[PDB]
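In the block that follows, a single chain appears as structure tokens, in the form deposited in one PDB entry.
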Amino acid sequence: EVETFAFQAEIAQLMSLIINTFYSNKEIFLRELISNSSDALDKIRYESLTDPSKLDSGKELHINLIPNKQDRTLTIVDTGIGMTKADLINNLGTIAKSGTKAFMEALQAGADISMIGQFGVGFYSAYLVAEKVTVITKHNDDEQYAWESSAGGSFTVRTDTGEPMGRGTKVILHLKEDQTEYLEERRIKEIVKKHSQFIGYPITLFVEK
């Protein structure tokens, strides 16, 4: 059972701007997604401070980076708080409408796309390098869901029947044909060292056969 939704007009405009603007510094997508994962891990850690049972779905707080050259996917996995179905539909738990408004005013006033994260809509920087993005997520208060969009004004949400995750979020980037450098081990390490050196959770870069 697959539900198809239209993006709010402002969010469709944001993804069009990300996809169509000439902007060479695409590597910041990874910083933005890792920062999102850190934020989600902060949230479940804070909740566990007064209620330890919130970690019954998994005690480890970490971030894994999983490149797959056969599938041409880069997957960012975290064991953070996750998102409910309502969160997914409401722009993946962001205030994307007012964030897009502020971001686009900043762009016409000196800013560049690399500062997208200061406006709370850094997730959509995934479309700098991905033709399609799948988000698998599991929140303690809801079931496991899959969100997916190839932009173009719509996204889908369905119940996920894949591997159960316990708790957290998995962002699967289906990379553009000319963006496969972000599957290379040395390129990912360089980006993590450059932009994510002070993230307070272990980041594990998986290797391939």
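Heads up: residue numbers just count along the shown sequence, starting at 1. Here the rigid core means the biggest group of C-alpha atoms that line up within 1.5 Å when the two forms are laid on top of each other. Only residues modelled in both forms are compared.
Omitted from view is the form solved in complex with a small molecule, to which the following refers.
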(Q) So the small molecule isn't shown here. In the deposited complex, which residue out of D51, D39, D56, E143 has a non-hydrogen atom within 4.5 Å of it? (A) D39
Q.
So in the deposited complex, is the small molecule close enough to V135 to count as touching (4.5 Å, heavy atoms)?
A. yes
Q: Examine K69 and determine whether its closest non-hydrogen atom to the small molecule in the deposited complex is within 4.5 angstroms.
A: no
**Q.** Partner contact for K43 in the deposited complex: the small molecule, 4.5 angstroms, heavy atom
**A.** yes
(Q) Against the small molecule in the deposited complex, would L92 count as a contact residue? Criterion: heavy atoms within 4.5 Å. (A) yes
Q.
Superposing the core, which one of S114, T84, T94, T75 shows a C-alpha shift reaching 2 Å or more between this form and the one not shown?
A. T94
Q) Do the C-alpha atoms of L92 and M104 sit closer or farther apart in the deposited complex than they do here, given a shift of 3 Å or more? A) closer
Q: Check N91 against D51 at the C-alpha atoms and report closer or farther in the deposited complex, compared with the shown form; the change is 3 Å or more.
A: closer
Q. Are there runs of at least three residues between this form and the one not shown whose C-alphas all move 2 Å or more relative to the rigid core, and where are they?
A. 90-94
